[PDB]
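Encoded as C-alpha coordinates, the structure appears first; notes follow it.
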Amino acid sequence: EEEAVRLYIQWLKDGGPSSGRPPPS
(Lines give C-alpha, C1' and ligand atoms only; values in the text may rest on other atoms or scores of the structure.)
Protein backbone atom coordinates (compact mmCIF):
# COMPACT_ATOMS: atom_id res chain seq x y z
CA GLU A 1 0.00 0.00 0.00
CA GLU A 2 0.85 3.67 0.12
CA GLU A 3 -0.57 5.01 3.29
CA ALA A 4 -3.81 5.27 1.48
CA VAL A 5 -4.49 2.91 4.12
CA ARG A 6 -1.70 2.90 6.52
CA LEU A 7 -3.21 6.01 8.00
CA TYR A 8 -6.55 4.95 7.04
CA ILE A 9 -7.00 1.46 7.97
CA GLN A 10 -5.08 2.59 10.70
CA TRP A 11 -7.42 5.47 11.12
CA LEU A 12 -9.67 2.58 10.81
CA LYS A 13 -7.62 0.89 13.48
CA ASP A 14 -8.66 4.00 15.29
CA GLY A 15 -12.26 3.36 14.32
CA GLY A 16 -12.50 4.65 10.81
CA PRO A 17 -15.06 7.13 9.91
CA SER A 18 -16.17 6.72 13.55
CA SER A 19 -12.69 7.46 14.99
CA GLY A 20 -12.11 10.42 17.28
CA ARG A 21 -10.64 11.72 14.08
CA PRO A 22 -11.31 11.64 10.38
CA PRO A 23 -9.89 9.70 7.56
CA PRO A 24 -6.47 9.70 6.03
CA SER A 25 -7.71 11.03 2.75
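Following the order of the C-alpha coordinates, first chain is A, next is B, and so on, with residues numbered from 1 inside each chain and ligands from 1 in the order they appear.
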
Extract, using only C-alpha atoms, all DNA, RNA and protein residues at most 12 Å from residue 2 in chain A, discarding same-chain residues fewer than 5 positions from it, and format them as a count of residues only. 5

Excluding residue 23 in chain A and its own-chain neighbours fewer than 6 positions away, which residues fall within 7 Å of it when counting only C-alpha atoms? Please give them as a list in words. residues 8, 11, 16 and 17 of chain A
